[PDB]
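Under PDB author numbering, the first residue of the sequence shown carries the number 1, and numbering increases by one thereafter. Read through the structure below, which is laid out as structure tokens, and then see the notes.
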Amino acid sequence: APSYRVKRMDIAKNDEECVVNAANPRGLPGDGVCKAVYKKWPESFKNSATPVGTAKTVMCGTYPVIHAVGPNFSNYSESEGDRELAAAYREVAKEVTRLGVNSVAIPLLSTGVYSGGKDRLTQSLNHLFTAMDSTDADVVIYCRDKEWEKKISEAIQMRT
């Protein structure tokens, strides 16, 4: 009975069946979510490079790490970056489906270090809902700020 939920904690401490990394296309350790993901699941960075707008899963034993490459808005125009952000979340949905998992922990892609200095909460969440609505999995969205938790939570309530 699929749900959306939001948790304010380190995504590295998720209790879901797989995690989504906010990865770069070089498959390298980065800042933000990707740093916490590198610290926690370093093995998942073996051949994890994948282009912007795509997602690639690498297993960490039995644990899937979905490296999803949202655009860095410092690199992309708002227009093109929006296409890429939709594409990355679509591949996350694809990966979550192919793996058969019951749940997934996901950060808001293209926020923070890739945000180009803009608040992209609503933008990233909207693409997240659009893509994930066709999956059967419980989705647990992670964030770290209290204001964001409240806005995500309210966005969920008005949807479901």
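In this text, a Cβ means the ideal position worked out from N, Cα and C, and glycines have one as well.
Chain-order list of residues whose beta-carbon lies under 7 Å from that of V33 (same chain, five-residue window excluded): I11, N21, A22 and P107
First and last residue of the uninterrupted alpha helix (DSSP H) at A88: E78 to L99
CA-to-CA distance, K118 to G27, given in whole angstroms: 24 Å
CB contact flag (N14, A105, <9 Å): yes
Nearest-angstrom Cβ-Cβ length linking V140 and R5, presumed shorter than 8 Å: 5 Å
Distance between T135 and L99 (C-alpha atoms, nearest Å): 11 Å
Local Cβ density within 10 Å of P2, reported as buried at 16 or more and exposed below that: exposed
6 Å Cβ shell around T111 - same chain, five flanking residues per side excluded: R120 and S124
Exposed unless 16 or more other CB atoms sit within 10 angstroms - verdict on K56: buried
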